[PDB]
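Data block below; observations after.
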Amino acid sequence: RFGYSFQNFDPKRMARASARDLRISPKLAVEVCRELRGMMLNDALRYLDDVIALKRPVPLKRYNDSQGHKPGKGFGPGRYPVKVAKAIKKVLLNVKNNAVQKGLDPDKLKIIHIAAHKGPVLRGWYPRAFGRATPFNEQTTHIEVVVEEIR
Amino acid sequence: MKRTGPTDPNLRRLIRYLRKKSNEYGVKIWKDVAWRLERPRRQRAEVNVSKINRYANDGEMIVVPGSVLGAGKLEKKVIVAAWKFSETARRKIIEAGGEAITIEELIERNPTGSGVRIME
Amino acid sequence: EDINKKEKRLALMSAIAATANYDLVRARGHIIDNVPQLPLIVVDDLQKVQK
Amino acid sequence: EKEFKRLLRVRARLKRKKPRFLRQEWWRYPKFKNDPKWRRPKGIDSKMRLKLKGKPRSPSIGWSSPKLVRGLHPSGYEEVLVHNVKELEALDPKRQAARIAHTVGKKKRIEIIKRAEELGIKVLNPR
RNA sequence: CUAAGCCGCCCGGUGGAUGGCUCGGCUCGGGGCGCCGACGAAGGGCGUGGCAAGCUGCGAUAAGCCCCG
RNA sequence: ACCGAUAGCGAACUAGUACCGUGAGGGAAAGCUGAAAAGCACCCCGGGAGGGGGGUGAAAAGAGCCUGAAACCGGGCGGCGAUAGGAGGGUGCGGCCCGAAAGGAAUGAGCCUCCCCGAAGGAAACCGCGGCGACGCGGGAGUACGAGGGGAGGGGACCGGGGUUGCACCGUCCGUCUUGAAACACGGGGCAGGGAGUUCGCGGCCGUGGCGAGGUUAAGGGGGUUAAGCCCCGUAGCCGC
RNA sequence: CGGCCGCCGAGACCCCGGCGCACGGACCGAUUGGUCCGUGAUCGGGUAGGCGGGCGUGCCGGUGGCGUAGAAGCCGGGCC
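If you read the protein sequences in the order shown, they are chains BS, BP, BC and Ba. For what it's worth, the deposited numbering labels the leading residue of the first sequence as 4, then goes sequentially. For what it's worth, the deposited numbering labels the leading residue of the second sequence as 1, then goes sequentially. For what it's worth, the deposited numbering labels the leading residue of the third sequence as 103, then goes sequentially. For what it's worth, the deposited numbering labels the leading residue of the fourth sequence as 3, then goes sequentially.
See below:
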């Protein structure tokens, strides 16, 4: 995957980055992106740091089966996707670098578009009772992000 | 099953001309011959010089809405008009002193079709 | 598919006759605007042309 | 022209009132929704086959347009598909309108349009 | 400026249909040609390339050696 | 006048190969960059995979490479959205939204005003009378109105169509055996491709065409041809008399 | 319970315009076809089944064509 789903990208005012074939949960990636959308880059990085440190739960709105609630208001199911947070943090650092190279003030960068997709699946099998072999697969994730220097 | 009618464009045109001529002259002979000609091909009439000899008279006009075959003998002098003639049939008609013409020529000679006898 | 010999002969006759029909020839698409006459009969010397 | 206009209006009203005839359960499955069509219901218990009130209707011979204006362009002309200038040359400007085939390139479309406009021939897709 | 959720369009991922192509198949009247082996056959095993695993070809002279065109 | 990569031989390719069974034996999947590798020099970041610039190319067609559909998933946009019930639809219209082209239209749209004819059908005011009463009878009147059919003036850009949703009424899915299917009867997670009255021999009929007291050739032979096409003969035989 | 007076209510019945079918008639097109007129209160539901016409796909013999000024294919939309 190379293309982005953003329509009106402007190279003069915007920067973009992506990651492909990440070996993380696409569901949790979608959930984290939903929360990161619309935030400033620094705020998003601090958000991810808190999630990684387990100081801040991520709410679950779509994939939340058999998930317990968390202390405070708005919870409701939540969890701490550390691996997803780490990968997305690396992508955010990459896009920050792209903006800096283009010559955009890093303190005014707002995440205008961020999305996650399901990529290719790596197949595997696991043995089970009664001589049956059963699917045992990894689902990879694509991440895309484009930030804009607001004014 | 459907009756597709004659496949011969000449025969179809002859049928149309026959009906038109009947309307023009206010008679029924030509329309009768037309609906007899449009009979199914497995039922088209075939007549023999023997039958013509049996039921005709000298100097008479006969119309066969089909084919005329040359089995038997002819001794009368008759003018016969039919869609087709076999070689033997036509030879016998000519040798008897008559003439073997087509339906178009019969109409041209006798537009009103008075005294013409249909045979099937 | 079988074809009776006499029926095939009649079909050949009809085709040869239709060859000399002005309306059919032009209706088939052929350009006969400058042809002098249909049917076009030519002297036997045409048989010896080799080039 | 009086009867022509009356029947043209009648056809317009009829074909505005007419529905889109689609097979049963077309909306329920993507395989049918992506390829809209009408198929006669032939089931023993098919409600559409029974023609019950409250179910989609079926095509009938009574929906046909009036004979005089059947198949005509809504503008009233008779459509003729044209692929070249020679084909366009054999058209009647007073009663027929030329529709340029979708396959002819702009190069030939230029001459087709020029000939049409100098002959006073209506073109439905002049570009 | 509605949380979840449903329908429609656009973009993107997943997937490999469709269209086009074809050194491959299949079927044929006619035509050609039809045996090899104790002077060791067919079939097979193992070897053989500078980097060489499969296929193909070759046999300790081993992807080859000699002679006439 | 064969198929065109789920087709055609099982094998278009390192296919009777990989792999399965002790064995006899069984047996797949898998074609395509571009005209030319010109197959991305250099720069920033990342542990790396890669990402972003910048180059090549008519076009990334970027090797995970012709075209790139459907099902499925993520985002953006338009409509609905936490007091509301029916197989997810039908009829009619109202909100909100899209409306360049292919549909109508400035040679004039929605719309407003005025005049004429008018089928089936069809009032009332008002007046007279009958009935205990609901009410009815005669005049008004076959008048007003009426589907639709025509003409004139004003205004100047929308009507048709589409997405979603609101309301009123109606609507218990599809195929099947069955007397009877919404069925607590059977088959129905979704999408794409494949999939089921074919060939010969004999007999009965019909639609059409040739010849006709006759019809027709089979095996085969000759001419010509790139060729198996084309032309001519061939009375054995078969049926009818 | 015995009667009466109004009104509402179908695709039924009446009227207007349109389509097809059955039968008969007149015209044109060189094979099954096309146009128009007349009659229908005595034509218009439909399972098994019978008959007629038409739509669509691959290849062949002809005929007339399109295309790098952009074919097939694919997504959305307009018209018949």
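Where is the CB? At the ideal position from N, CA and C, for every residue including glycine.
In the DSSP secondary-structure assignment, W128 of chain BS is bridged to BS:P138.
Membership of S116 of chain BC in the alpha helix (DSSP H) is indicated by the continuous run 107-121. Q70 of chain BS sits in coil when the DSSP states are folded into three classes, being neither helix nor strand. In the DSSP assignment, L25 of chain BS falls within the beta strand (DSSP E) that extends over 17-25. Residue range 49-52 is occupied by the alpha helix (DSSP H) that includes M50 of chain Ba. Rounded to the nearest angstrom, the gap between the Cα atoms of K111 of chain BS and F12 of chain BS is 17 angstroms. A residue is called buried when at least 16 other Cβ atoms come within 10 angstroms of its Cβ; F85 of chain BP meets this threshold and is buried. A distance below 7 angstroms between beta-carbons, with the five flanking residues on each side excluded, links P128 of chain Ba to the following residues of its chain, in chain order: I115. For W83 of chain BP, the secondary structure class from DSSP, reduced to helix, strand or coil, is strand. Here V78 of chain BP has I52, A56, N57, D58, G59, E60, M61, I62, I93, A96, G98 as same chain residues with Cβ atoms under 8 angstroms from its own Cβ, once five neighbours each way along the sequence are excluded. The stretch 19-38 of chain BS makes contact with the stretch 60-71 of chain BS, as at least three CB pairs between them are under 8 angstroms. Residue pairing by DSSP puts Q98 of chain Ba in a beta bridge opposite Ba:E80.
In the three-state reduction of the DSSP assignment, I114 of chain BS falls in the strand class. Between the stretch 130-143 of chain BS and the stretch 100-108 of chain BS there are fewer than three inter-stretch CB-CB distances shorter than 8 angstroms, so the stretches are not counted as touching.
DSSP, reduced to helix, strand and coil, places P32 of chain Ba within a helical segment of the structure shown. DSSP places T4 of chain BP outside both helix and strand once states are collapsed to three, so it counts as coil. Runs of the alpha helix (DSSP H) lying entirely within the stretch 14-77 of chain BP, each at least 4 residues long, are 29-37, 49-55 in chain order. By the C-beta criterion, the stretch 41-60 of chain BS is judged not to be in contact with the stretch 1-13 of chain BP, since fewer than 3 inter-stretch pairs fall below 8 angstroms.
Secondary-structure assignment with DSSP links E34 of chain BS through no beta bridge to anything.
The C-alpha of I133 of chain BC is placed about 14 angstroms away from the C-alpha of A122 of chain BC. Here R117 of chain BP is bridged, per DSSP, to BP:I62. Pairing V68 of chain BP with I29 of chain BP, the inter-Cα distance amounts to about 19 angstroms. Exposed is the label assigned to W35 of chain BP, since fewer than 16 other Cβ atoms lie within 10 Å of its Cβ.
Within the same chain, Cβ atoms closer than 8 angstroms to the Cβ of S48 of chain Ba are found at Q26, the five residues on either side in sequence being excluded.
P29 of chain BS sits in a helix when the DSSP states are folded into three classes. According to DSSP, residue pairing for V148 of chain BS in a beta bridge involves BS:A20, BS:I117. DSSP places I133 of chain BC outside any alpha helix (DSSP H), giving it a letter other than H or E. Rounded to whole angstroms, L44 of chain BS and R42 of chain Ba show a C-alpha spacing of 60 angstroms. Across the set Ba:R13, Ba:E113, Ba:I112, Ba:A100, the C-alpha of Ba:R13 shows the shortest separation from the C-alpha of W65 of chain Ba. Taken through DSSP and simplified to helix, strand or coil, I123 of chain Ba comes out as coil. Scanning BP:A71, BP:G66, BP:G72, BP:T112 for the CA closest to the CA of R41 of chain BP turns up BP:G66. Scanning its chain for C-beta atoms nearer than 7 angstroms, with the 5 sequence neighbours on each side dropped, one finds around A120 of chain BC the residues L126, in chain order.
Apart from the 5 residues on each side of it in sequence, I115 of chain BS sits with its Cβ closer than 7 angstroms to the Cβ of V149, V150, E151 in its chain, given in chain order. Nearest to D135 of chain BC by alpha-carbon distance, out of BC:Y124, BC:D104, BC:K153, BC:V145, is BC:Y124. Beta-bridge partners assigned by DSSP to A100 of chain BP: BP:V80. When Cβ pairs closer than 8 angstroms are counted between the two stretches, the stretch 20-39 of chain Ba is seen to touch the stretch 52-67 of chain Ba, the count reaching three or more.
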